[PDB]
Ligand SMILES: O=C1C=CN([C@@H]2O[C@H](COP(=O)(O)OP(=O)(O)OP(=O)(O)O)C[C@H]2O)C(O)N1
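A single chain comes next, written as structure tokens; it is the form deposited without ligand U3H.
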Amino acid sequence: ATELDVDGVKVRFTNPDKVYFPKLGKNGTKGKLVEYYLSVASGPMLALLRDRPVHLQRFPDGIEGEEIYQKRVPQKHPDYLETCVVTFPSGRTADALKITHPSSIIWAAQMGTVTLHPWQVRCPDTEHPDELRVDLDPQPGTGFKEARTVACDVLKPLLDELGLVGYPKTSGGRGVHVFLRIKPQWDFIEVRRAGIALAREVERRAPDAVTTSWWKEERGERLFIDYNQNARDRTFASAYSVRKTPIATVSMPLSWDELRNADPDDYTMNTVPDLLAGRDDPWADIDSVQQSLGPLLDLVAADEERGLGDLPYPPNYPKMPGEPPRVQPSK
């Protein structure tokens, strides 16, 4: 129906009045979603996603229709788009959409993408993450207040003690995501081991409130630090992505002070653009220092001296032919 000029690249856009979020009515159309992404796709969202391969969580007929989690780029796609070869945990490879320009994000939205799921690597170095992900995930009986509390009161002081800087965002669900920008010199195995040592230390400092137990039955009313989010090919909403919630919540980057009193429902595709106006980017300095895993990998070796090694991968998580044997779940 229309051709959009997205930072000098023309992008085809159709069906503006298709309803994606039925509780929002007029405010929950595909047009309002694309309008939201147009509002953020040329700002800090692009910088955070630049050169990353992404997977697309698509809802072509709204969040109550069928869901298509798209990893490989479709065999037929616009000429300008760039792709990057990603390696799945089986060893299989595929051409994934690479975010190189605001038009990349708007094309995704035109295809019904509600949520972008970026890899933790930058192309071309798909071997070494430049990001360690801390996923504070409330289990049944807990919610966002537990997540923000542990994030601000336990995790942030620990990072300060280690000489590390973390950047938090709401997940858009009940949880909190914290990013550590790191030098891309460690592979997925070592970044994940570093995240496990960090998770174990947060758990030691707040054992009544935090768990790393692989078995959900053993977790109780605690936050799970999902250490397996640093494995390959795990869903993880990008900063500024809209989520599959009834009110179209957005994964919102915040400062540590904002997070302390934050409510994730405050940030939606209808509220975020006005909230960003005049406000300093709390993640403005994230790329300013590429940090070493040195402190966390020392914690890993220390844990090995306590008799604490690797933790199990997610259930049925594929493995590569020559990959070292993994730790199996207990019982």
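For every residue, the number given is its place in the sequence shown, counted from 1.
What comes next is about the form deposited with ligand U3H bound, which is not displayed.
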Say ligand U3H is put on the shown chain the way it sits in the deposited bound form, by superposing the C-alphas near its site; is the site then open or blocked (3+ ligand atoms within 2.4 Å of backbone or C-beta)? blocked
Could you work out which of 117, 193, 148, 122 is the residue within 4.5 angstroms of ligand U3H in the deposited bound form, going by heavy atoms? 117
The single option of 181, 200, 222, 243 touching ligand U3H in the deposited bound form, heavy atom within 4.5 Å: 243
Is the gap between residue 234 and ligand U3H in the deposited bound form 4.5 Å or less for some heavy atom pair? yes
Distance check, residue 135 to ligand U3H in the deposited bound form, heavy atom within 4.5 Å: yes
Is the gap between residue 175 and ligand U3H in the deposited bound form 4.5 Å or less for some heavy atom pair? yes
Residue contact check: residue 249 to ligand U3H in the deposited bound form, 4.5 Å heavy atom: no
Please identify, from 160 to 168, 135 to 143, 73 to 81, 201 to 209, the stretch that has a heavy atom within 4.5 Å of ligand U3H in the deposited bound form. 135 to 143
